[PDB]
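One chain is shown next in structure tokens, namely the form deposited in one PDB entry.
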């Protein structure tokens, strides 16, 4: 009669926080607070656990992703990551660079489905370098295959041939089952939006893309409410500039996903607003802002926390099925922007320039009202 579960009708989730490097800890600290407050309003409690990753892990135990961090992440209900990278580690051997830890945690958590929404918010339309009429109303979702393809393909390496010359190689490889699963996510995703899915590949050159297109095509019959189309990656790169409003959902591989989602991100004009979700089958998902560790403003209360806050909303929605709590966060971010609040990266003439903590305070204020 109090509700499901064993704590007075409340739901308690275990969250692993991976603040990381640069501005990561600052923005995660704020999102944590917004998460707690919005959750509390829906009868949701959290056990948080901070663990090291990236440069922080390197300075601590000499690897970018400690076994103990993986264990903690795997035993959790969801993972919220801050940011990865710094100048200090830039002359390290490549297994000892912060980015390595990020690739390793994706693989370890088997979060093959990366969701990256790119929307132009009406309050920030003028931040885009695209003309207003082209940028306004952009609202697309890139579904990127995150744990396969060339990023993780074998064989790979740099070797010296018999002529004494170096040869570097990587393998773009996909098994049918890897394509099917990311395709299914994208079809389900498009179904819940405008019902349009664009599969992006290089099928006029690459056998790996021919298989991609074959499997995606064969799945279309299981989603008759979804209009499937296909586009070559180079044409997709042009169409994002020419008419980004044409897209609802895009599905593509690891490397094309990396390039196109980042292109779509910059087209919106405000990188500091953009969240992302990485989902697995049945295990904890990984949620993180798409921006970097921005080391040059670290510790200066300058960072935009909104992308991480919105990643926490994605954590609630996609990771935990806690939709009302997610909506409370999304609403509060909107109220802050409507009230004229802007951190430095989204500042325009006549708005209220605020620091990181102060922006969090405004979101918090709105959640609690």
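Numbering follows the first chain given and starts at 1. For the two forms, the rigid core is made up of the largest set of C-alpha atoms that agree within 1.5 Å on superposition.
Another form, the form deposited in another entry, is not on view; read the next lines as being about it.
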Considering only 292, 269, 153, 283, single out the residue whose C-alpha is displaced by at least 2 Å between this form and the one not shown after superposing the rigid core.
153
Does the distance between the two CA positions of residue 95 reach 2 Å or more between this form and the one not shown, the core being superposed?
no
If you line up the core, does residue 166 shift 2 angstroms or more at its C-alpha between this form and the one not shown?
yes
Core fit, then residue 110 C-alpha moves 2 Å or more between this form and the one not shown:
no
Between the shown chain and the other structure, the Cα gap of residue 101 to residue 159 differs by 3 Å or more. Is it closer or farther in the other form?
farther
Compare the CA separation of residue 158 and residue 100 in the other form with the one in the displayed structure, and answer closer or farther (the difference is at least 3 Å).
farther
